[PDB]
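Student: Sending over a structure as structure tokens; questions will come in a sec.
FYI, it's all coordinate maths here, none of it is from the lab. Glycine gets a Cβ as well: all are built from the backbone with ideal geometry, and neighbour counts include every protein chain shown.
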Amino acid sequence: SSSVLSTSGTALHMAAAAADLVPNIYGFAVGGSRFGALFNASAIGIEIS
Amino acid sequence: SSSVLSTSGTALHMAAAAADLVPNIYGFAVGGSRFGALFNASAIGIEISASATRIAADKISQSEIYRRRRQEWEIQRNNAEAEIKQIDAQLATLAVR
Amino acid sequence: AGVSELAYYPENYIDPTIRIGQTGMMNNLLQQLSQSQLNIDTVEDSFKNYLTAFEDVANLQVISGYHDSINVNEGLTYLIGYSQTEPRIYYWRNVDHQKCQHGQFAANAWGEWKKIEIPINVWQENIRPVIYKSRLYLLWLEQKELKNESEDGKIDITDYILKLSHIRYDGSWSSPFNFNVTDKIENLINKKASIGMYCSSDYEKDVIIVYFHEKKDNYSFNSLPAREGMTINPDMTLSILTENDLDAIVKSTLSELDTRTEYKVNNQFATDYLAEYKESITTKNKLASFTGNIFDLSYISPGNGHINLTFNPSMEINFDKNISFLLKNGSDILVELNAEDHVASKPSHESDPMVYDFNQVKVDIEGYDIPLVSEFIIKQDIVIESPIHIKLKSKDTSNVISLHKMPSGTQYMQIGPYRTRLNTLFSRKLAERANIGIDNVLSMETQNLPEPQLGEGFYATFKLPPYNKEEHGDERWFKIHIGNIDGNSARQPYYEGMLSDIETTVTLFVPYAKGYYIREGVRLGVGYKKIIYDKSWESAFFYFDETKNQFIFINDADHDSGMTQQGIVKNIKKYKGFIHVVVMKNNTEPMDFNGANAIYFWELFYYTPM
Amino acid sequence: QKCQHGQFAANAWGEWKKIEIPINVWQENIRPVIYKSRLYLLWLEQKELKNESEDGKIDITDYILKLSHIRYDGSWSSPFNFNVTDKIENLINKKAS
Amino acid sequence: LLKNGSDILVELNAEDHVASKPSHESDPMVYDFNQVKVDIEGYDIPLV
């Protein structure tokens, strides 16, 4: 159960990374979105694998 | 205690994620709130759940190795009891001799 | 012998440790208690950790549902509930309508609540399930409000996003699929309107339908609500849907729309009819496979209950006064076709497959369940049976699942007259039992704690005469029917029981929602194999007096000039068929171990001590 | 009940128990309450965000009431948020503590 | 019959001052005596 349930969080790290690529800030400051979010999620996915 | 106390932080990761969805910045910059906070907290919750069931497996495995240790001790105790009865009966046949 | 002994003596094969269908909290207690050393403190901490999870599942609360069928009483419903947290966690369960034999579910019908792994932040409880290709999809809206609250450079950005996620075979949930839908929701917000959400699955077209509408108090089929819509393919691309298709697709399901005061459950989408048929059907004879088939089936409903079929039948024999086509109803041969007559392009013997292609078959059938049988007669004796079952979607409000929440906290699902409890309020009583001691939660008094009565309602005990083959008939049963509920004021099958010896009684809950009780109030008469009752005050007539705020049984005496919900009627007879009909005045119905949450109460009070 | 005449025994006193939930009280407005024999815990938090400027001076205060209760396993619920800044700003616009 | 420590404050009968006496065809016999008003003074009131 641990070995199966461990793998079921990497696509949800992917969802976190895809959600954090759109720019948060709006207005006179145009937008701040972290750019290495997908690489960080793919790295933590290969760690959890 | 480790396996139980490990699971009691996932709802508080949830609280961290729900707190970090409201926009921090105000004024002429309208607001910055991280959007994958709930997904990050649900992911770290499923990680800490997997760690808790690993350590529950280690708990039960150590309990089972203690039970098998006691069973092998029972084997050795029965061997020693049989051998001391055998030596007593050999003392009997030596008294007859 | 093991199987037959397990049938006759299940006691020999039950262990308290493993069980087919035990919940996750039961397994978690088993994990937490699987040691060599079990103190009293260890087992009490394990039981309190169990009670925490039992409390978390006991405090669930249904937002929305989806019924997987055309007819309500046939398929099985998917409910979505949430927990009492600010990071609100959503759950889904399943309930089967084939298992309820007459109005009331068994506990075999209900599925376990299952936590969904995906974190979901719904805007204004617009979260709907939908079954598409036998797969549970889950649709919800999210908003992104970013407001400046200023004068110099005032900035107000709202972003409405529709998210789609579905379940996998391993219990996991898909990463959510994003749809920017802020144009349509802002077009409905610029009009002064609260926004509803329709989500269902069309099966004829292979798409799923999401339109957003304004919430009126009623939908009147001439004034359609303000609506902007969308449909999305099995590949998760978005399909545009024109306003003519949108008008037809809203007129087809106005009866399933969430109004301002009543929450509905969407059914499977069907405009008029859905046909259950297979195209190609083979036989595989030792001489030749005949493989007769129906190619292009299309149907048009011209009125209320009529249908106009159109299809092209053929048979594809690969190695006259012979082979024929013939379509039957129950006994009516509607279209009979021959191969020698009225067939263009009869195939040659140089073909190994012989395709015949009879003609275009038009036929006009009336009814709602149409079990057609298309036959490919080959004889001289080989019949290829191709059934076509054509079912109508009844647009009545009796074909709509409504769900209600009382201010007492109880929450029920209502199909027609029948109400089914969805929630439990045991957790609101549990803390007083649990902080006293572990002995006090497993008491019988904890099991005998009362619950609310599922709506306004009242109870009535009906005492019944003995069976003696006269005044009853032959087959020894009673059907306590009901009348005056909807605009339908007729004999509806409310309750059925087997008639018994000298004395038998039954207490029935009778609903009320201030819109029911069309004329004279609800009547409740007896059915039998012999002549049924309810002929001009033979039935048991009730109403709700708004002044005294209680329910009044009209019949009891031979009352003259008595009060009814309309006004004073002159001559009121006694009920016939029963002996004694009396309002029960705050009945209890304690906790229902055969209910929706029955597996959790059985696990709490039997399986966990075992 | 343990104090028989004005003075408690040491049997009356319970152990201090750490609450797991992190709490940032505004001006010591934190109160416990027992509801249905369950320990709820109520406190206020504020969110001061001040510009300190003349061109576009921005002064936002957000007063939030949070509710958390204890579970049977000693854990604490994730806190339940209540936006209460209208009422506290109506009491702050009057010169009052 | 409702008592204080020794004061019978309200005594009620089933034959007297009871509307809708139930019939024997009912298996539960609900009596519903009347509305009981009473004026008591004190701070601890152990009524029976």
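Student: Within the stretch C:435-476, how many residues are outside any helix (DSSP H, G or I), polar (S, T, N, Q) and surrounded by 15 or more Cβ atoms within 10 Å (Cβ to Cβ)?
Tutor: 2
Student: Does residue D:58 qualify as being out of contact with any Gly (no Cβ under 9 Å at 6 or more places or on another chain) and either within 14 Å of another protein chain (Cβ to nearest Cβ) or not basic (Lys, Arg) (or both)?
Tutor: So residue D:58 fails the test.
Student: Further, regarding this structure: In this structure, does residue C:96 turn out to be out of contact with any helix residue (DSSP H, G or I) (no Cβ under 9 Å at 6 or more places or on another chain), surrounded by fewer than 19 Cβ atoms within 10 Å (Cβ to Cβ) and within 30 Å of residue D:79 (Cα to Cα)? I'd like the intermediate steps shown before the answer.
Tutor: On the way: out of contact with any helix residue (DSSP H, G or I) (no Cβ under 9 Å at 6 or more places or on another chain): yes; surrounded by fewer than 19 Cβ atoms within 10 Å (Cβ to Cβ): yes; within 30 Å of residue D:79 (Cα to Cα): no.
So residue C:96 does not fit the description; no.
Student: Moving on to the next point. State which residue pairs qualify: first residue aromatic (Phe, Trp, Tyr) and inside the stretch C:96-107, second residue part of a loop (DSSP other than H, G, I, E, B) in any location, beta carbons under 7 Å apart, and separation of 6 or more residues or different chains.
Tutor: Sorted first by the residue in the stretch C:96-107, then by its partner, the pairs are C:105/C:99.
Student: Provide a single number: the residues in the stretch C:122-141 that are surrounded by fewer than 19 Cβ atoms within 10 Å (Cβ to Cβ) and not hydrophobic (A, V, I, L, M, F, W, C).
Tutor: 5
Student: Would you say residue C:430 is surrounded by 19 or more Cβ atoms within 10 Å (Cβ to Cβ) and either within 16 Å of residue C:274 (Cα to Cα) or among the hydroxyl-bearing types (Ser, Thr, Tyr) (or both)? Reasoning before the result, please.
Tutor: Numbers: surrounded by 19 or more Cβ atoms within 10 Å (Cβ to Cβ): yes; either within 16 Å of residue C:274 (Cα to Cα) or among the hydroxyl-bearing types (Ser, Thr, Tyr) (or both): no.
No; evaluated as a whole, the condition is false for this residue.
Student: Also, quick follow-up: Select the helices (runs of 4 or more DSSP H) contained entirely in chain B, then report the ones holding at least 2 residues which are basic (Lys, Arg) and within 14 Å of chain A (Cβ to nearest Cβ).
Tutor: Qualifying helices (runs of 4 or more DSSP H): B:37-96.
Student: Mind listing whichever residues of the stretch C:142-169 are closer than 19 Å to residue B:34 by Cβ, at the interface with chain B (Cβ under 8 Å from one of its Cβ atoms) and either surrounded by fewer than 12 Cβ atoms within 10 Å (Cβ to Cβ) or not basic (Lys, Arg) (or both)?
Tutor: Within the stretch C:142-169, C:146, C:157 qualify.
Student: Among residues belonging to the stretch C:410-427 that are within 13 Å of chain D (Cβ to nearest Cβ) and surrounded by fewer than 21 Cβ atoms within 10 Å (Cβ to Cβ), point out the one that is nearest to residue C:44 (Cα to Cα).
Tutor: Only one residue fits best here, namely C:427.
Student: Only one residue in C:104, C:31, C:35 is more than 30 Å from residue D:38 (Cα to Cα) and within 14 Å of chain B (Cβ to nearest Cβ). Which one?
Tutor: C:35
Student: Could you list all residues from the stretch D:46-71 that are surrounded by fewer than 17 Cβ atoms within 10 Å (Cβ to Cβ), part of a loop (DSSP other than H, G, I, E, B) and not hydroxyl-bearing (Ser, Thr, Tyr)?
Tutor: Correct list: D:51, D:52, D:54, D:55, D:56, D:57, D:58.
Student: From the list C:456, C:475, which one is of a type in the set (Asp, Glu) and under 21 Å from residue C:581 (Cα atoms)?
Tutor: C:456
Student: Shifting gears a bit: Identify all residues within the stretch D:1-60 that are of a type in the set (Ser, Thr, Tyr) and over 24 Å from residue B:5 (Cβ atoms); write none if there are none.
Tutor: Answer for the stretch D:1-60, where residues must be of a type in the set (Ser, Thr, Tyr) and over 24 Å from residue B:5 (Cβ atoms): D:35, D:37, D:53.
Student: From (1) farther than 11 Å from residue B:43 by Cα; (2) surrounded by fewer than 20 Cβ atoms within 10 Å (Cβ to Cβ), pick out the condition that doesn't hold for residue A:26.
Tutor: All conditions are met except number (2).
Student: Moving to a separate point now. Between a first residue in the stretch C:166-182 that is outside any strand (DSSP E or B) and a second residue that is of a type in the set (S, T, N, Q) and crowded, with 16+ Cβ neighbours inside 10 Å, which pairs have beta carbons less than 6 Å apart while being 6 or more apart in sequence or on different chains?
Tutor: C:172/A:8; C:174/C:165; C:176/C:165
Every residue, every condition in (1) more than 10 Å from the chain's Cα centre (by Cα); (2) among the aliphatic types (A, V, I, L, M); (3) more than 13 Å from every other protein chain (Cβ to nearest Cβ), yes or no:
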position	(1), (2), (3)
D:7	yes, no, yes
D:15	yes, no, yes
D:21	yes, yes, no
D:64	no, yes, no
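Student: Let me spell it out: the conditions are (1) of a type in the set (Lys, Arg); (2) closer than 23 Å to residue C:57 by Cα; (3) assigned to a loop (DSSP other than H, G, I, E, B), and residue C:154 meets all of them except one. Which number is the exception?
Tutor: (2)
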